[PDB]
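Computation of the quantities below employed the complete heavy-atom set of this structure, encompassing side-chain atoms and omitting hydrogens, waters and symmetry-equivalent molecules. Just so we're on the same page: letters track the sequence lines, and every chain starts at 1.
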2 protein chains.
Amino acid sequence: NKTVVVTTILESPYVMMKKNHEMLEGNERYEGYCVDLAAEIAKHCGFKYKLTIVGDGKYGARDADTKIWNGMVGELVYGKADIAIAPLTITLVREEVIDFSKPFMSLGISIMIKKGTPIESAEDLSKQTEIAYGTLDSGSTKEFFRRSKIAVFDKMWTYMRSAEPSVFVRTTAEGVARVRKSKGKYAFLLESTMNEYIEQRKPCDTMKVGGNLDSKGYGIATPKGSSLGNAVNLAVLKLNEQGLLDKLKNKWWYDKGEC
Amino acid sequence: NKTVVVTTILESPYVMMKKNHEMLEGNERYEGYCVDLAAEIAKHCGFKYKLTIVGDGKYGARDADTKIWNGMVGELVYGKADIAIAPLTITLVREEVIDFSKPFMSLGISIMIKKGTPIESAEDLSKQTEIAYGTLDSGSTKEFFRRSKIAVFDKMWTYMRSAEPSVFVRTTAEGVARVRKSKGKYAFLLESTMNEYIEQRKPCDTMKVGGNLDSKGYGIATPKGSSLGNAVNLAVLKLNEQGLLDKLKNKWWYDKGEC
Ligand SMILES: N[C@@H](Cn1c2c(c(=O)[nH]c1=O)CCC2)C(=O)O
Ligand SMILES: N[C@@H](Cn1c2c(c(=O)[nH]c1=O)CCC2)C(=O)O
């Protein structure tokens, strides 16, 4: 009856503006993993959709003061969009306010260094200060450290929230650029699948080291009680079971790898 | 109000009989990953429970003809249990008849060989016959090959269902024993986490080879429309975020690894 409003975010290689996008219109000006994923889900759920880029360019966090949800989560919570299709992490605080399909991608927080950086693990970073390190300000990664009770991760958090100048960045591209220009003096803590993607991008000067600090997954989100919830969940399971999600990952990560 | 009836299955190291269990009673008779997980979930959701072993010793499949569900899924579907806590794979067909919490453990189908077997991937396997290979005669792994349309997995499936003598086994233990006693002439297709578990068990003559064929997860299951659903799902997320699920895996997989 109505065109589904999808909220997503400009994050390579999930959703990106096609080259010379000015000559394009609607959904055709975007390309990426979640762009392809959106098409598949729509086709399987039988619905027309419109891709929109989240107004504040954020994922989703609740302000402790105003208790207001921002980012894509907020878009769904306050009814500005019908569904969110992006690298959105399934978390307890978010699951309490919105619904998540089963994960369409598995991942965990990882460490990105400039090749050559004498860092092999989180503990390595924790017991040193020569090499600074941070995370995306805002996001599930930052929250992980902020809420963790585990010795190593709590030590890291006390360091990061106190660091000066700030060790946090506004976007992934900023973290990546910061690592690249810090001559091995800055390590970026980000989600493994993004870490892996950048490792295959010129100038091929970064790499993921160590194991993941945790294990989470990205899920398709819908506002609570949404009628699309059930169908989308089944669509995600179906797509994964047919190997489609694996192919989409290959296509955007390695088929187009530049290293 | 009522003691929650938990249905689980004897599958090491998820649920196992303690030494001299005849000396013990109730839940104290069992130990393992799911036993610990069950206790953690119950504590967080605030309910008393009784661990029970699924009658037919199966995970859950629908009979094509009678369309009746067996195993743990069947116990939930037909109201014989309130919740299922075990290495139960989240699949589309199952999600259509029961509810699953988000995954508490990630996995994928993998290849188990006796040390020295000249096999490294599903493709090697599919391109030969001297080395027999199969899976459990029941479960998601078997179902994966049965419904797969990917050339490699289809070829493998056509071989397995035609194979004589039968390459399917009644249980993991049998799959392992067959691998262990086949002089390298039999490979077992099983879920990664079990493969990894057995690789750390004496005689230490088996190992995992190649990447996983797929990417899936185990979830706590409840009957569709169960009131326990929400709280359980939230509990799994919390346990994961606090890092308890990772601790339980280390404890049952590596802390007591015998190799
Ligand atoms: N997925 C997270 C957002 N997010 C993302 C990346 C990261 O490194 N850290 C992080 O928190 C890379 C892409 C998105 C969320 O939902 O908050
Ligand atoms: N997890 C599956 C059951 N199962 C299991 C293993 C396997 O190798 N294959 C399989 O289908 C080892 C652990 C249990 C299900 O839910 O049906």
Spacing of A/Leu136 atom CG and A/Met194 atom CE [to the nearest 0.5 Å]: 8.5 Å
Rounded distance (nearest 0.5 Å) linking atom CG of A/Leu37 with atom OH of A/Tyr218: 13.0 Å
Taking every non-hydrogen atom, the tightest pair across A/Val4 and A/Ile83: CG1-CG2, 3.7 Å
Electrostatic pair A/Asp137:A/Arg170 at N-O distance under 4.0 angstrom: yes
Note, A/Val93 side chain near A/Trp69 side chain (heavy atom, < 4.5 Å): yes
Aromatic ring pairing B/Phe47/B/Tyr49, orientation class (parallel under 30°, perpendicular over 60°, tilted between): perpendicular
Between A/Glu11 and A/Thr172, a side-chain donor and acceptor under 3.5 Å: yes
Expected output: side-chain A/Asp124 to main-chain A/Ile119 donor-acceptor under 3.5 Å: no
Heavy-atom donor-acceptor pair, B/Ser192 side chain to B/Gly108 backbone, under 3.5 Å: yes
Carboxylate-amine/guanidinium contact A/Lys251 A/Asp36, below 4.0 Å: yes
Which atom of A/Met160 lies closest to which atom of A/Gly134, heavy atoms considered: SD-CA, 3.8 Å
Closest non-hydrogen atom pair, B/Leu76 against B/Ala221: CD1-CB, 3.4 Å
Side chain to side chain, A/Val35 and A/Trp252, heavy atoms closer than 4.5 Å: no
Validation row: A/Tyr59, A/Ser140 side chains within 4.5 angstrom (heavy atoms): no
Beyond-backbone contact of A/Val5 with A/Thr52, side-chain heavy atoms, under 4.5 angstrom: yes
Whether over 12 other heavy atoms sit under 6.0 Å from A/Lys224 NZ: yes
Check: A/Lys114 main-chain N/O paired with A/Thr206 side-chain donor or acceptor under 3.5 Å: no
Short N-O contact, B/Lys238 and B/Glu241, less than 4.0 angstrom: no
Six-ring centre of B/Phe100, A/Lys102 cation under 6.0 angstrom, axis tolerance 45°: no
From CA spacing to verdict: side-chain contact (heavy atoms from CB on, under 4.5 Å), A/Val54, A/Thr8: CA-CA 6 Å; A/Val54 61; A/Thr8 193; over 6 Å; no
More than 12 heavy atoms from other groups under 6.0 Å of NZ on A/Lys208: yes
Aromatic ring proximity B/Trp253/B/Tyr33, centre distance under 6.0 Å: yes
Approximate separation, where rounding is to 0.5 Å, of A/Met17 CE and A/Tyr30 OH: 5.0 Å
Worked verdict on A/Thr222 versus A/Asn233 for side-chain contact (heavy atoms from CB on, under 4.5 Å): CA-CA 10 Å; A/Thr222 43; A/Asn233 184 63; over 6 Å; no
Residues A/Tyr186, A/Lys181; criterion side-chain contact (heavy atoms from CB on, under 4.5 Å); working and verdict: CA-CA 9 Å; A/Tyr186 183 73; A/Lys181 71 186 184 186; over 6 Å; no
Backbone N/O of A/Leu51 and side chain of A/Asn27: donor-acceptor pair under 3.5 Å: yes
Side chain to side chain, B/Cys34 and B/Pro87, heavy atoms closer than 4.5 Å: yes
Exam field: side chain B/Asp154 to backbone B/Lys149, donor-acceptor pair closer than 3.5 Å: no
Nearest-0.5 Å distance that lies between atom CD1 in A/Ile113 and atom OG in A/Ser182: 13.0 Å
Salt-bridge contact B/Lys249-B/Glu196 (side-chain N to carboxylate O under 4.0 Å): yes
Option among A/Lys216, A/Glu191, A/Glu143 that satisfies the side chain to side chain donor-acceptor pair (under 3.5 Å) test with A/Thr89: A/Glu191
Check: A/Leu245 main-chain N/O paired with A/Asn240 side-chain donor or acceptor under 3.5 Å: no
A/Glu25, CD: over 12 other non-hydrogen atoms inside 6.0 angstrom: no
Main-chain N/O of A/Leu228 paired to A/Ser226 side chain as donor or acceptor, under 3.5 Å: yes
Whether A/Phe145 and A/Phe153 hold their rings parallel, tilted or perpendicular, with breakpoints at 30° and 60°: perpendicular
Exam field: side chain A/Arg147 to backbone A/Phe144, donor-acceptor pair closer than 3.5 Å: no
Considering all heavy atoms, the nearest A/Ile90-A/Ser101 contact: CD1-O, 4.0 Å
Side-chain (B/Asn195) to main-chain (B/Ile111) donor-acceptor, under 3.5 angstrom: yes
Side chains of B/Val6 and B/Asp82 in contact at under 4.5 Å (non-hydrogen atoms): no
From CA spacing to verdict: side-chain contact (heavy atoms from CB on, under 4.5 Å), A/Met72, A/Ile98: CA-CA 11 Å; A/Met72 291 173 272; A/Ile98 57 171; over 6 Å; no
Over 12 foreign heavy atoms within 6.0 Å of CD, A/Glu123: no
Reported CE-to-CG distance for the pair A/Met112 and A/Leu189, which is rounded to 0.5 angstrom: 10.5 Å
Atom CD of A/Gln128 with >12 non-hydrogen neighbours under 6.0 angstrom: yes
Whether A/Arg178 side chain and A/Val169 backbone form a donor-acceptor pair below 3.5 Å: no
Residues forming a salt bridge (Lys or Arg N to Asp or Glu O under 4.0 Å) with A/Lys18, sequence neighbours excluded: A/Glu28
Heavy-atom pair with the smallest gap, counting every atom of A/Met156 and A/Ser126: CG-CB, 3.8 Å
Shortest non-hydrogen separation from B/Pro223 to B/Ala81 and the atoms involved: CG-O, 4.0 Å
Inter-residue atom distance A/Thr141.OG1 - A/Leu213.CG, 0.5 Å rounding: 9.0 Å
Flag side-chain contact, heavy atom, 4.5 Å: B/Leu107 against B/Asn212: no
B/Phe104 side chain near B/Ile220 side chain, heavy-atom distance below 4.5 Å: yes
